[PDB]
$ cat work.txt   # compact mmCIF, C-alpha atoms
# COMPACT_ATOMS: atom_id res chain seq x y z
CA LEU T 1 -31.53 -65.50 -9.81
CA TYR T 2 -30.45 -68.54 -11.90
CA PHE T 3 -30.80 -71.31 -9.28
CA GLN T 4 -28.59 -74.42 -9.29
CA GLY T 5 -29.61 -75.96 -5.96
CA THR T 6 -32.32 -77.89 -4.12
CA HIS T 7 -35.93 -76.89 -3.63
CA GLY T 8 -38.01 -78.12 -0.72
CA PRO T 9 -40.89 -80.47 -1.61
CA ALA T 10 -43.86 -79.11 -3.60
CA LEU T 11 -46.51 -77.64 -1.31
CA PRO T 12 -49.98 -79.09 -1.83
CA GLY T 13 -52.52 -76.72 -3.37
CA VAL T 14 -49.99 -73.94 -4.01
CA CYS T 15 -49.67 -72.93 -7.67
CA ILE T 16 -47.64 -70.24 -9.40
CA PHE T 17 -48.24 -68.52 -12.76
CA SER T 18 -46.60 -65.87 -15.00
CA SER T 19 -48.92 -63.94 -17.35
CA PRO T 20 -46.14 -62.30 -19.40
CA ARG T 21 -44.05 -65.44 -19.77
CA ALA T 22 -47.23 -67.26 -20.85
CA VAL T 23 -48.11 -64.83 -23.66
CA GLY T 24 -44.49 -64.69 -24.89
CA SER T 25 -44.30 -68.49 -24.93
CA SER T 26 -47.74 -68.99 -26.55
CA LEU T 27 -48.36 -69.40 -30.28
CA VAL T 28 -51.11 -66.78 -30.24
CA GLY T 29 -48.82 -64.30 -28.44
CA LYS T 30 -46.06 -64.80 -30.99
CA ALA T 31 -48.62 -64.42 -33.79
CA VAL T 32 -49.63 -61.06 -32.30
CA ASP T 33 -46.01 -59.76 -32.24
CA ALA T 34 -45.50 -60.92 -35.84
CA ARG T 35 -48.73 -59.20 -36.92
CA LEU T 36 -47.99 -56.00 -35.05
CA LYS T 37 -44.49 -56.02 -36.49
CA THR T 38 -46.07 -56.31 -39.93
CA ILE T 39 -48.51 -53.45 -39.33
CA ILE T 40 -45.68 -51.24 -38.05
CA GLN T 41 -43.53 -52.01 -41.11
CA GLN T 42 -46.50 -51.17 -43.35
CA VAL T 43 -47.00 -47.83 -41.58
CA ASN T 44 -43.30 -46.97 -41.92
CA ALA T 45 -43.44 -47.81 -45.63
CA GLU T 46 -46.49 -45.56 -46.01
CA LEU T 47 -44.91 -42.51 -44.36
CA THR T 48 -41.49 -43.02 -45.98
CA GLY T 49 -43.13 -43.19 -49.41
CA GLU T 50 -45.12 -40.00 -48.83
CA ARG T 51 -42.04 -38.18 -47.54
CA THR T 52 -39.99 -39.11 -50.63
CA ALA T 53 -42.65 -37.42 -52.76
CA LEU T 54 -42.53 -34.31 -50.55
CA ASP T 55 -38.75 -34.05 -50.71
CA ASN T 56 -39.00 -34.41 -54.52
CA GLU T 57 -41.54 -31.57 -54.69
CA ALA T 58 -39.26 -29.42 -52.48
CA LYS T 59 -36.20 -30.01 -54.71
CA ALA T 60 -38.40 -29.39 -57.76
CA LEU T 61 -39.55 -26.07 -56.32
CA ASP T 62 -36.09 -25.03 -55.18
CA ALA T 63 -34.61 -25.61 -58.64
CA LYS T 64 -37.47 -23.55 -60.14
CA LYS T 65 -37.68 -20.53 -57.74
CA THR T 66 -35.78 -18.07 -59.99
CA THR T 67 -38.14 -18.74 -62.97
CA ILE T 68 -41.74 -18.46 -61.75
CA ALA T 69 -43.49 -15.39 -60.29
CA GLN T 70 -42.98 -14.53 -56.60
CA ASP T 71 -46.77 -14.95 -56.16
CA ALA T 72 -46.76 -18.47 -57.62
CA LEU T 73 -43.67 -19.39 -55.57
CA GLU T 74 -45.35 -18.27 -52.34
CA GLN T 75 -48.48 -20.25 -53.35
CA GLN T 76 -46.64 -23.47 -54.06
CA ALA T 77 -44.41 -23.27 -51.00
CA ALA T 78 -47.48 -22.61 -48.80
CA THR T 79 -49.18 -25.70 -50.30
CA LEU T 80 -46.09 -27.85 -49.80
CA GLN T 81 -45.70 -26.50 -46.26
CA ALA T 82 -49.28 -27.59 -45.46
CA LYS T 83 -48.73 -31.08 -46.93
CA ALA T 84 -45.65 -31.37 -44.73
CA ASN T 85 -47.62 -30.50 -41.59
CA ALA T 86 -50.39 -32.96 -42.43
CA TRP T 87 -47.69 -35.62 -42.84
CA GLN T 88 -46.42 -34.94 -39.32
CA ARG T 89 -50.02 -35.02 -38.07
CA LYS T 90 -50.41 -38.38 -39.81
CA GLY T 91 -47.23 -39.77 -38.24
CA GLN T 92 -48.68 -38.91 -34.81
CA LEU T 93 -52.09 -40.37 -35.67
CA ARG T 94 -50.57 -43.65 -36.82
CA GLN T 95 -48.42 -43.89 -33.70
CA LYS T 96 -51.55 -43.73 -31.51
CA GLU T 97 -53.40 -46.06 -33.92
CA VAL T 98 -50.61 -48.62 -33.55
CA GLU T 99 -50.53 -48.30 -29.75
CA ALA T 100 -54.30 -48.91 -29.63
CA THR T 101 -53.99 -51.90 -31.99
CA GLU T 102 -51.36 -53.31 -29.65
CA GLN T 103 -53.54 -52.89 -26.55
CA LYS T 104 -56.72 -54.23 -28.14
CA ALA T 105 -54.74 -57.33 -29.16
CA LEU T 106 -53.07 -58.01 -25.78
CA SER T 107 -56.35 -57.32 -24.02
CA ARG T 108 -57.86 -60.02 -26.29
CA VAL T 109 -55.03 -62.51 -25.54
CA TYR T 110 -55.56 -62.08 -21.80
CA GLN T 111 -59.23 -63.00 -22.43
CA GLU T 112 -58.14 -66.25 -24.09
CA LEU T 113 -56.03 -67.16 -21.02
CA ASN T 114 -59.02 -67.06 -18.63
CA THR T 115 -60.28 -70.55 -19.53
CA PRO T 116 -56.88 -72.33 -19.86
CA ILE T 117 -55.90 -70.95 -16.45
CA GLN T 118 -59.13 -72.31 -14.96
CA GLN T 119 -58.65 -75.73 -16.54
CA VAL T 120 -55.08 -76.17 -15.28
CA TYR T 121 -55.94 -74.65 -11.86
CA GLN T 122 -58.53 -77.39 -11.33
CA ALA T 123 -56.49 -80.17 -12.95
CA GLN T 124 -53.64 -79.39 -10.53
CA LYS T 125 -56.15 -79.00 -7.65
CA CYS T 126 -54.80 -75.61 -6.55
CA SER T 127 -56.22 -73.86 -3.51
CA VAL T 128 -54.28 -70.68 -4.43
CA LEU T 129 -52.65 -69.27 -7.60
CA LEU T 130 -49.69 -66.98 -6.97
CA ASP T 131 -48.44 -64.37 -9.43
CA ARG T 132 -44.81 -65.14 -10.43
CA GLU T 133 -43.96 -61.43 -9.95
CA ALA T 134 -44.41 -62.13 -6.20
CA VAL T 135 -42.09 -65.17 -6.11
CA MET T 136 -38.30 -65.05 -6.38
CA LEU T 137 -37.72 -68.83 -6.19
CA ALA T 138 -39.84 -71.95 -6.10
CA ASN T 139 -39.98 -75.64 -6.85
CA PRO T 140 -40.80 -75.61 -10.60
CA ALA T 141 -43.34 -78.37 -9.88
CA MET T 142 -45.70 -75.68 -8.54
CA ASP T 143 -45.33 -73.42 -11.62
CA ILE T 144 -48.25 -74.13 -13.98
CA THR T 145 -47.30 -71.60 -16.66
CA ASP T 146 -46.25 -74.17 -19.27
CA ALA T 147 -49.28 -76.38 -18.73
CA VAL T 148 -51.42 -73.28 -19.43
CA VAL T 149 -49.47 -72.44 -22.59
CA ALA T 150 -50.23 -75.99 -23.77
CA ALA T 151 -53.89 -75.61 -22.82
CA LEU T 152 -54.06 -72.32 -24.73
CA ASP T 153 -52.16 -73.53 -27.83
CA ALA T 154 -54.72 -76.37 -28.05
CA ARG T 155 -57.48 -73.73 -28.15
CA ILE T 156 -55.93 -70.96 -30.28
CA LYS T 157 -52.79 -70.49 -32.40
CA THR T 158 -53.50 -67.15 -34.08
CA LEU T 159 -55.47 -63.94 -34.11
CA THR T 160 -56.14 -61.85 -37.21
CA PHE T 161 -56.59 -58.07 -36.99
CA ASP T 162 -55.86 -54.84 -38.90
CA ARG T 163 -54.60 -51.46 -37.75
CA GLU T 164 -57.06 -49.60 -35.51
CA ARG T 165 -58.65 -46.47 -37.08
CA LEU T 166 -58.77 -43.19 -35.09
CA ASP T 167 -59.45 -40.72 -37.98
CA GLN T 168 -63.25 -41.13 -37.62
CA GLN T 169 -62.94 -40.11 -33.92
$ encode --input "work.txt" --output "structure tokens"
Amino acid sequence: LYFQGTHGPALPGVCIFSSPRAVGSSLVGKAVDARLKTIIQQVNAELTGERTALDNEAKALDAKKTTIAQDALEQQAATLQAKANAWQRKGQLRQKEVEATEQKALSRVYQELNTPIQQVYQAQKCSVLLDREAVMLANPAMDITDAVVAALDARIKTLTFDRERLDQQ
């Protein structure tokens, strides 16, 4: 609904706000995406590296099969087969570790919005704060999202964190 017309006059005390648009627009939110993107790239690199070693050991074994004893072949293939399974198990662990890192981070961003929202709410003298997901069109004057992004950027521009660990359980 890209509107190119006239809005009625701003209503006193009515304010509108978009949580998602605010995080996406904020410096801290962008810092989180960049950091998560980094952590994901580092996980991919980890698993790709390990896999290359496994494929090398498989080719090594295949080229050797008609040289070593059947007993030794069975032994080495069994070992390699177990390493392969643990790699898949790792892939799945990391995926959940990443998803939890993502949530912990967003959850923390939402915390940082609490105060900026309150500041702008009072500055603008709102009696009510509507969620943008409930409004299809409105006089942009009543949307306080940007003011809040400014209020937040003044308070925080970044957030440092590492991948969440789920191996300890």
$ residues_around --input "work.txt" --residues "region 34-38 of chain T" --least-positions-apart "4" --cutoff "9 Å" --atoms "all atoms listed in the file" --output "NGL selection string"
:T and (29-30 or 42-43 or 98 or 101-102 or 159-163)
$ closest_residue --input "work.txt" --among "T:75, T:169, T:114, T:56" --to "residue 148 (chain T)" --atoms "all atoms listed in the file"
T:114
$ closest_residue --input "work.txt" --among "T:10, T:22, T:61, T:84" --to "residue 117 (chain T)" --atoms "only C-alpha atoms"
T:22
$ atom_distance --input "work.txt" --atom1 "CA of residue 93 (chain T)" --atom2 "CA of residue 77 (chain T)"
24.2 Å
$ atom_distance --input "work.txt" --atom1 "CA of residue 153 (chain T)" --atom2 "CA of residue 103 (chain T)"
20.7 Å
$ closest_residue --input "work.txt" --among "T:100, T:1, T:23, T:40" --to "residue 145 (chain T)" --atoms "only C-alpha atoms"
T:23
$ residues_around --input "work.txt" --residues "residue 133 (chain T)" --least-positions-apart "5" --cutoff "10 Å" --atoms "all atoms listed in the file" --output "ChimeraX atom specification"
/T:16-20
$ closest_residue --input "work.txt" --among "T:55, T:112, T:143, T:62" --to "residue 158 (chain T)" --atoms "all atoms listed in the file"
T:112
$ atom_distance --input "work.txt" --atom1 "CA of residue 3 (chain T)" --atom2 "CA of residue 118 (chain T)"
28.9 Å
$ axis_aligned_box --input "work.txt" --around "region 63-67 of chain T" --padding-each-side "8 Å" --output "AutoDock Vina command-line options"
--center_x -36.4 --center_y -21.8 --center_z -60.4 --size_x 19.5 --size_y 23.5 --size_z 21.2
$ closest_residue --input "work.txt" --among "T:21, T:5, T:116, T:51" --to "residue 132 (chain T)" --atoms "all atoms listed in the file"
T:21
$ residues_around --input "work.txt" --residues "residue 152 (chain T)" --least-positions-apart "3" --cutoff "9 Å" --atoms "only C-alpha atoms" --output "PyMOL selection string"
chain T and resi 26-28+112-113+115-117+147-149+155-157
$ build_atoms --input "work.txt" --residues "region 101-128 of chain T" --atoms "N, CA and C atoms" --output "compact mmCIF listing (two decimals), keeping the file's coordinate frame"
# COMPACT_ATOMS: atom_id res chain seq x y z
N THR T 101 -53.94 -50.58 -31.38
CA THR T 101 -53.99 -51.90 -31.99
C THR T 101 -53.30 -52.91 -31.09
N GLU T 102 -52.15 -52.50 -30.56
CA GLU T 102 -51.36 -53.31 -29.65
C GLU T 102 -52.15 -53.67 -28.40
N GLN T 103 -52.75 -52.67 -27.76
CA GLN T 103 -53.54 -52.89 -26.55
C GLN T 103 -54.77 -53.74 -26.81
N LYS T 104 -55.53 -53.44 -27.85
CA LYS T 104 -56.72 -54.23 -28.14
C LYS T 104 -56.35 -55.71 -28.28
N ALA T 105 -55.21 -55.97 -28.92
CA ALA T 105 -54.74 -57.33 -29.16
C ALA T 105 -54.35 -58.05 -27.88
N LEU T 106 -53.47 -57.45 -27.08
CA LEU T 106 -53.07 -58.01 -25.78
C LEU T 106 -54.28 -58.24 -24.90
N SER T 107 -55.11 -57.22 -24.77
CA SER T 107 -56.35 -57.32 -24.02
C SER T 107 -57.12 -58.58 -24.45
N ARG T 108 -57.20 -58.82 -25.76
CA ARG T 108 -57.86 -60.02 -26.29
C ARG T 108 -57.12 -61.34 -25.97
N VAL T 109 -55.79 -61.31 -25.91
CA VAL T 109 -55.03 -62.51 -25.54
C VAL T 109 -55.34 -62.88 -24.10
N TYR T 110 -55.23 -61.90 -23.21
CA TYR T 110 -55.56 -62.08 -21.80
C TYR T 110 -56.94 -62.71 -21.61
N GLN T 111 -57.91 -62.36 -22.47
CA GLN T 111 -59.23 -63.00 -22.43
C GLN T 111 -59.11 -64.49 -22.69
N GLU T 112 -58.32 -64.85 -23.70
CA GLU T 112 -58.14 -66.25 -24.09
C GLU T 112 -57.42 -67.10 -23.04
N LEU T 113 -56.70 -66.46 -22.12
CA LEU T 113 -56.03 -67.16 -21.02
C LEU T 113 -56.97 -67.57 -19.89
N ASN T 114 -58.05 -66.81 -19.70
CA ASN T 114 -59.02 -67.06 -18.63
C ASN T 114 -59.36 -68.55 -18.49
N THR T 115 -59.85 -69.15 -19.58
CA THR T 115 -60.28 -70.55 -19.53
C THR T 115 -59.13 -71.56 -19.32
N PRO T 116 -58.03 -71.45 -20.09
CA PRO T 116 -56.88 -72.33 -19.86
C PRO T 116 -56.37 -72.28 -18.42
N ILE T 117 -56.33 -71.09 -17.83
CA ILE T 117 -55.90 -70.95 -16.45
C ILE T 117 -56.83 -71.77 -15.56
N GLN T 118 -58.13 -71.59 -15.76
CA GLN T 118 -59.13 -72.31 -14.96
C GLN T 118 -59.00 -73.81 -15.09
N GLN T 119 -58.81 -74.30 -16.31
CA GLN T 119 -58.65 -75.73 -16.54
C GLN T 119 -57.47 -76.31 -15.77
N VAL T 120 -56.31 -75.68 -15.90
CA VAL T 120 -55.08 -76.17 -15.28
C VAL T 120 -55.13 -76.01 -13.75
N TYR T 121 -55.74 -74.92 -13.29
CA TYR T 121 -55.94 -74.65 -11.86
C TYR T 121 -56.64 -75.84 -11.22
N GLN T 122 -57.74 -76.26 -11.82
CA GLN T 122 -58.53 -77.39 -11.33
C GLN T 122 -57.86 -78.74 -11.53
N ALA T 123 -57.23 -78.94 -12.68
CA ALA T 123 -56.49 -80.17 -12.95
C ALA T 123 -55.42 -80.40 -11.87
N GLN T 124 -54.68 -79.35 -11.56
CA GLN T 124 -53.64 -79.39 -10.53
C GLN T 124 -54.18 -79.29 -9.10
N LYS T 125 -55.49 -79.09 -8.95
CA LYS T 125 -56.15 -79.00 -7.65
C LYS T 125 -55.56 -77.91 -6.75
N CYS T 126 -55.37 -76.72 -7.31
CA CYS T 126 -54.80 -75.61 -6.55
C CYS T 126 -55.85 -75.03 -5.63
N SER T 127 -55.41 -74.64 -4.44
CA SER T 127 -56.22 -73.86 -3.51
C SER T 127 -55.91 -72.38 -3.69
N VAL T 128 -54.72 -72.06 -4.20
CA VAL T 128 -54.28 -70.68 -4.43
C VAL T 128 -53.32 -70.58 -5.63
